[PDB]
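A lone chain, given as structure tokens: the form deposited in one PDB entry.
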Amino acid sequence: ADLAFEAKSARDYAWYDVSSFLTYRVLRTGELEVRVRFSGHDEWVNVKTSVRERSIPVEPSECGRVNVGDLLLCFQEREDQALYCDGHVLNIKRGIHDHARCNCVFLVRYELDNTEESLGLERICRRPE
């Protein structure tokens, strides 16, 4: 299977699945940027910093491969809005569960503002590798 990607947006700092790439441009400065179309509107995003390989769901049977200090894309639901953004695992309370669903609790620290939330596996994706 081929590489899929996600891009970070300058509007909200959240990551969105990239559908396709349209063109590119070089800045006076030398930074390279890329015009990205999102799946589901259109943006210039820095290649080095704001585009990476798509995060990957964790299945309950493999919840053990998530550790502290791991970087994860987290579904951060609030008021109304819901953003997928980066946080790091600070701590894990492992639960008693089978392959069907994971009741482990992952305390994450969101990178942007250092706020803290407790998430289920269902609201986190790991990074490749």
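When you see a residue number, it is the position in the sequence shown, counting from 1.
Absent from the display: the form solved in complex with a partner chain. The rest refers to it.
With the partner chain omitted here, the record of contacts in the entry with it bound names 74 to 82 of 60 to 68, 26 to 34, 74 to 82, 95 to 103, defined by a heavy atom within 4.5 Å. Among heavy atoms of residue 17, some come within 4.5 Å of the partner chain in the entry with it bound. Although the partner is absent here, residue 50 lies well away from the partner chain in the entry with it bound, with no heavy atom inside 4.5 Å.
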